[PDB]
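[1] Below: the sequence, then the experimentally determined structure.
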Protein chains: 2
Amino acid sequence: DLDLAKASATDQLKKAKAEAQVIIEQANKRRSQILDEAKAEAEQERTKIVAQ
Amino acid sequence: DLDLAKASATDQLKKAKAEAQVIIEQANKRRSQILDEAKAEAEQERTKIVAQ
């Protein structure tokens, strides 16, 4: 157990670390989607408003 | 050691999920800023062509 307390503790920590950051990797991908779309639709609405 | 490694490791992901929510909320709020800017400027554009 005094070996476990490192061998498995560090792995729990590492796995939690990697997942804690790749959650945010996916979330960054999502905000890329959102701030693409924010312009993509706004320009179409511009081209409607000034055709009106 | 094993219990504290479990604890501190597992709290990481609970923490990071809230920051994924931070990113998605910021995404949508700046998106609203995008749209609510483009709308008003397209309004002034149409008004300019109208006065012309």
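    Perfect, I can see it now. Residues are numbered from 1 along each chain as shown, chains lettered A, B, ... in the order given.
[2] got the contact list for residue A:11?
    The neighbourhood of residue A:11, defined by C-beta atoms under 8 Å, 6 or more residues apart in numbering or on different chains, contains no residues. To be clear about C-beta, it is placed using only N, CA and C from the backbone, and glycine gets the same treatment.
[3] Which residues are in contact with residue A:16?
    So residue A:16 contacts B:9, B:10, B:12, B:13 (C-beta under 8 Å, 6+ apart).
[4] what about 10 Å?
    Applying C-beta atoms under 10 Å, 6 or more residues apart in numbering or on different chains to residue A:16 gives the contacts B:5, B:6, B:8, B:9, B:10, B:11, B:12, B:13, B:14, B:16.
[5] okay, now the third one: neighbour count?
    Residue B:8 is flanked by 13 other residues according to other C-beta atoms under 10 Å in any protein chain shown.
[6] next one: the one 4 residues further on
    Other residues near residue B:12 number 18, with proximity taken as other C-beta under 10 Å.
[7] Check residue A:31 too.
    If we define neighbours as other C-beta under 10 Å, then residue A:31 has 20 of them.
[8] Surely it touches residue B:28?
    Yes: between residue A:31 and residue B:28 a contact is recorded at 8.9 Å, counting by C-beta atoms under 10 Å.
[9] Residue A:28 is in contact with residue B:20, isn't it?
    Yes: assessed by C-beta under 10 Å, residue A:28 is found in contact with residue B:20 at 8.8 Å.
[10] okay, these two: which has more neighbours?
    More crowded of residue A:28 and residue B:20, by other C-beta under 10 Å: residue B:20, with 18 against 14.
[11] ok now do the more buried one, which residues does it touch?
    Contacts of residue B:20 by C-beta under 10 Å, 6+ apart are A:20, A:23, A:24, A:25, A:26, A:27, A:28, A:30, A:31.
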